[PDB]
Amino acid sequence: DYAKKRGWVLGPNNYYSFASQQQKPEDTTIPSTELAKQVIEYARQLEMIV
Amino acid sequence: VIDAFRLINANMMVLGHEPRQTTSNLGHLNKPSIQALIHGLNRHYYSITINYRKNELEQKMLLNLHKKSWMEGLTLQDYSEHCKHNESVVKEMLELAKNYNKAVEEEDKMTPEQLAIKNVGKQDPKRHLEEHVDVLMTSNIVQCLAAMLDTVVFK
């Protein structure tokens with residue numbers, strides 16, 4: 001029952017198969033356009049007459 | 001300062017020089033001065049009202065002699081001088097706010113009608129703060145906005 005449950009199957013003297021890890025890809029400069037929105041809003045609060 | 005004068009006959013004072021069929025050249029739109037009224041003015045001559053006529057060929061030419069082309073609009077100055085400039089402004093803002101603390105906390109109970117009379121000397125807090133706010137913000141947000149424009153326009 002535990003040999004057929006999920007990944008990491010076991011039975012022949014060692015438990016092998018179905019490894020699980022991560023790669024972590026990133027760019028991190030994607031919200032730059034979003035940053036533009038933020039900084040323009042700042043000037044927005046600085047420039048409409050109270 | 002500009003003026004145009006028209007010589008009137010010095011022999012005819014009893015009659016009217018201009019009938020003024022309307023109210024264009026009068027106390028309307030201009031007033032006679034004092035020094036012109038001393039050396040002559042409405043005596044021996046008179047003044048006339050100047051307006052400027054602008055043709056479209058020069059009209060749409062005169063309003064554009066201050067701008068630059070696209071290298072000026074998209075140019076980050078430098079980051080070393082920008083960091084040093086911000087460091088200097090924050091450094092003087094430290095002592096300026098330290099003076100502002102004593103300026104607020106003193107506030108001698110006697111009505112600004114004389115607190116503006118002891119302010120006429122060399123005293124300067126509450127007045128240089130917001131100028132430093134302006135020169136910090138309008139030089140930082142413009143540079144950050146231009147940095148974003150440069151980093152995602154060209155790619």
# chains A, B, ... in the order shown; residues from 1 in each chain; ligands from 1
$ residues_around --residues "residue A:34" --least-positions-apart "6" --cutoff "12 Å" --atoms "only C-alpha atoms" --output "PyMOL selection string"
(chain A and resi 28+40-41) or (chain B and resi 145+148-149+152)
$ closest_atom_pairs --of "chain A" --to "chain B" --cutoff "10 Å" --atoms "only C-alpha atoms" --output "JSON lines"
{"residue": "A:29", "atom": "CA", "partner": "B:152", "partner_atom": "CA", "distance": 9.5}
{"residue": "A:30", "atom": "CA", "partner": "B:152", "partner_atom": "CA", "distance": 9.6}
{"residue": "A:32", "atom": "CA", "partner": "B:148", "partner_atom": "CA", "distance": 6.5}
{"residue": "A:33", "atom": "CA", "partner": "B:148", "partner_atom": "CA", "distance": 7.3}
{"residue": "A:34", "atom": "CA", "partner": "B:148", "partner_atom": "CA", "distance": 9.9}
{"residue": "A:35", "atom": "CA", "partner": "B:148", "partner_atom": "CA", "distance": 7.9}
{"residue": "A:36", "atom": "CA", "partner": "B:145", "partner_atom": "CA", "distance": 6.2}
{"residue": "A:37", "atom": "CA", "partner": "B:145", "partner_atom": "CA", "distance": 9.3}
{"residue": "A:38", "atom": "CA", "partner": "B:145", "partner_atom": "CA", "distance": 9.7}
{"residue": "A:39", "atom": "CA", "partner": "B:141", "partner_atom": "CA", "distance": 6.4}
{"residue": "A:40", "atom": "CA", "partner": "B:145", "partner_atom": "CA", "distance": 7.7}
{"residue": "A:42", "atom": "CA", "partner": "B:141", "partner_atom": "CA", "distance": 8.1}
{"residue": "A:43", "atom": "CA", "partner": "B:141", "partner_atom": "CA", "distance": 7.6}
{"residue": "A:46", "atom": "CA", "partner": "B:137", "partner_atom": "CA", "distance": 9.2}
$ write_last_selection --atoms "N, CA, C and O atoms" --output "PDB file, in the first residue's frame"
ATOM      1  N   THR A  29      12.604  42.152 -12.694  1.00  0.00           N
ATOM      2  CA  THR A  29      12.446  43.488 -13.251  1.00  0.00           C
ATOM      3  C   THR A  29      11.125  43.662 -13.982  1.00  0.00           C
ATOM      4  O   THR A  29      10.861  44.747 -14.509  1.00  0.00           O
ATOM      5  N   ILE A  30      10.291  42.626 -14.008  1.00  0.00           N
ATOM      6  CA  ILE A  30       8.925  42.706 -14.532  1.00  0.00           C
ATOM      7  C   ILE A  30       8.017  43.762 -13.885  1.00  0.00           C
ATOM      8  O   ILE A  30       7.213  44.346 -14.626  1.00  0.00           O
ATOM      9  N   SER A  32       8.593  46.737 -13.118  1.00  0.00           N
ATOM     10  CA  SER A  32       9.164  48.062 -13.344  1.00  0.00           C
ATOM     11  C   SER A  32       8.125  49.028 -13.897  1.00  0.00           C
ATOM     12  O   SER A  32       8.031  50.174 -13.440  1.00  0.00           O
ATOM     13  N   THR A  33       7.323  48.564 -14.864  1.00  0.00           N
ATOM     14  CA  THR A  33       6.178  49.330 -15.352  1.00  0.00           C
ATOM     15  C   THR A  33       5.229  49.673 -14.212  1.00  0.00           C
ATOM     16  O   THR A  33       4.804  50.831 -14.077  1.00  0.00           O
ATOM     17  N   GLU A  34       4.972  48.693 -13.334  1.00  0.00           N
ATOM     18  CA  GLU A  34       4.214  48.925 -12.109  1.00  0.00           C
ATOM     19  C   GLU A  34       4.864  49.999 -11.249  1.00  0.00           C
ATOM     20  O   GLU A  34       4.169  50.896 -10.747  1.00  0.00           O
ATOM     21  N   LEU A  35       6.201  49.962 -11.140  1.00  0.00           N
ATOM     22  CA  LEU A  35       6.939  50.982 -10.400  1.00  0.00           C
ATOM     23  C   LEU A  35       6.705  52.363 -10.985  1.00  0.00           C
ATOM     24  O   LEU A  35       6.510  53.328 -10.230  1.00  0.00           O
ATOM     25  N   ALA A  36       6.625  52.444 -12.322  1.00  0.00           N
ATOM     26  CA  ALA A  36       6.332  53.703 -12.999  1.00  0.00           C
ATOM     27  C   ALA A  36       4.999  54.256 -12.548  1.00  0.00           C
ATOM     28  O   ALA A  36       4.904  55.438 -12.189  1.00  0.00           O
ATOM     29  N   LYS A  37       3.988  53.377 -12.466  1.00  0.00           N
ATOM     30  CA  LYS A  37       2.668  53.767 -11.987  1.00  0.00           C
ATOM     31  C   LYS A  37       2.765  54.389 -10.611  1.00  0.00           C
ATOM     32  O   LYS A  37       2.348  55.545 -10.426  1.00  0.00           O
ATOM     33  N   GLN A  38       3.524  53.723  -9.728  1.00  0.00           N
ATOM     34  CA  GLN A  38       3.697  54.181  -8.358  1.00  0.00           C
ATOM     35  C   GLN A  38       4.311  55.565  -8.328  1.00  0.00           C
ATOM     36  O   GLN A  38       3.739  56.479  -7.717  1.00  0.00           O
ATOM     37  N   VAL A  39       5.365  55.783  -9.127  1.00  0.00           N
ATOM     38  CA  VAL A  39       6.088  57.037  -8.977  1.00  0.00           C
ATOM     39  C   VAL A  39       5.279  58.171  -9.584  1.00  0.00           C
ATOM     40  O   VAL A  39       5.244  59.279  -9.026  1.00  0.00           O
ATOM     41  N   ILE A  40       4.482  57.866 -10.620  1.00  0.00           N
ATOM     42  CA  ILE A  40       3.652  58.902 -11.217  1.00  0.00           C
ATOM     43  C   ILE A  40       2.562  59.292 -10.239  1.00  0.00           C
ATOM     44  O   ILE A  40       2.263  60.485 -10.063  1.00  0.00           O
ATOM     45  N   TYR A  42       2.843  59.284  -7.092  1.00  0.00           N
ATOM     46  CA  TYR A  42       3.483  60.154  -6.106  1.00  0.00           C
ATOM     47  C   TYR A  42       3.408  61.599  -6.558  1.00  0.00           C
ATOM     48  O   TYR A  42       2.899  62.460  -5.827  1.00  0.00           O
ATOM     49  N   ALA A  43       3.779  61.842  -7.821  1.00  0.00           N
ATOM     50  CA  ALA A  43       3.696  63.185  -8.373  1.00  0.00           C
ATOM     51  C   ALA A  43       2.252  63.639  -8.462  1.00  0.00           C
ATOM     52  O   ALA A  43       1.967  64.834  -8.309  1.00  0.00           O
ATOM     53  N   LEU A  46       1.487  65.031  -5.339  1.00  0.00           N
ATOM     54  CA  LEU A  46       2.214  66.273  -5.150  1.00  0.00           C
ATOM     55  C   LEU A  46       1.639  67.413  -5.983  1.00  0.00           C
ATOM     56  O   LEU A  46       2.069  68.560  -5.817  1.00  0.00           O
TER      57      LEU A  46
END
$ select_by_dssp --residues "stretch 13-148 of chain B" --states "helix (DSSP H, G or I)" --output "NGL selection string"
:B and (36-39 or 56-62 or 70-73 or 79-106 or 112-115 or 129-148)
$ select_by_dssp --residues "stretch 17-131 of chain B" --states "strand (DSSP E or B)" --output "list in words"
residues 45, 46, 47 and 48 of chain B
$ closest_residue --among "B:60, B:128, B:39, B:67" --to "residue B:99" --atoms "only C-alpha atoms"
B:128
$ atom_distance --atom1 "atom CA of residue B:94" --atom2 "atom CA of residue B:132"
11.2 Å
$ atom_distance --atom1 "atom CA of residue A:6" --atom2 "atom CA of residue A:25"
26.3 Å
